Amino acid sequence: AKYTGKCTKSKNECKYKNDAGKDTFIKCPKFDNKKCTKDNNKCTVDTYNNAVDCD
């Protein structure tokens, strides 16, 4: 299901909310389908398989 938050076009970082309900910054990849295209987007991190998935 992955988490939900937002990515940043500044340094391609996703700030999702862990299971505790607190901020969680996580650098995203550079793929053509997992990179932070724009800021304030929708990013989903898969803490299950430790695989991030930005908008």
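Among all stretches of the chain without exposed trypsin sites (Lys or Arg not before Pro) (DSSP loop, at most 12 other Cβ atoms within 10 Å), which one is longest? List each step's numbers first, then the result.
Working: sites that count: 11, 22, 30, 38, 42.
Maximal segment without exposed cleavage sites: 43-55.
Only sites in a loop by DSSP and with at most 12 other Cβ atoms within 10 Å count here; which chymotrypsin sites (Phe, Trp or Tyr not before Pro) in the chain make the cut? Kindly include the intermediate steps, with their values, before the conclusion.
Values: sites: 3, 16, 25, 31, 48; in loops: 3, 31, 48.
The qualifying sites are 31, 48.
How high is the relative contact order of the chain, given as a whole-number percent (alpha carbon pairs under 8 Å, six or more residues apart)? Walk me through the numbers on the way to the answer.
Values: 130 pairs, mean separation 21.3, N = 55.
Over the chain, the number comes to 39 percent.
For the range 12-55, just say rounded, prolate or oblate: build the C-alpha gyration tensor, square-root its eigenvalues into a ≥ b ≥ c, call rounded for a/c under 1.5, and beyond that prolate if a/b exceeds b/c, oblate if not.
On the way: a/c = 2.39, a/b = 1.43, b/c = 1.67.
Because a/c hits 1.5 or more and a/b fails to exceed b/c, the range 12-55 counts as oblate.
Once you charge only the Cβ atoms, +1 for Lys and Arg and -1 for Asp and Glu, what is the size of the charge dipole of the chain about its Cα centre, to the nearest 20 debye?
180 debye
Cβ coordinates were reconstructed from backbone atoms using ideal geometry, including for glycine residues, and neighbour counts include every protein chain displayed. Coordinate-derived values only; no laboratory data.
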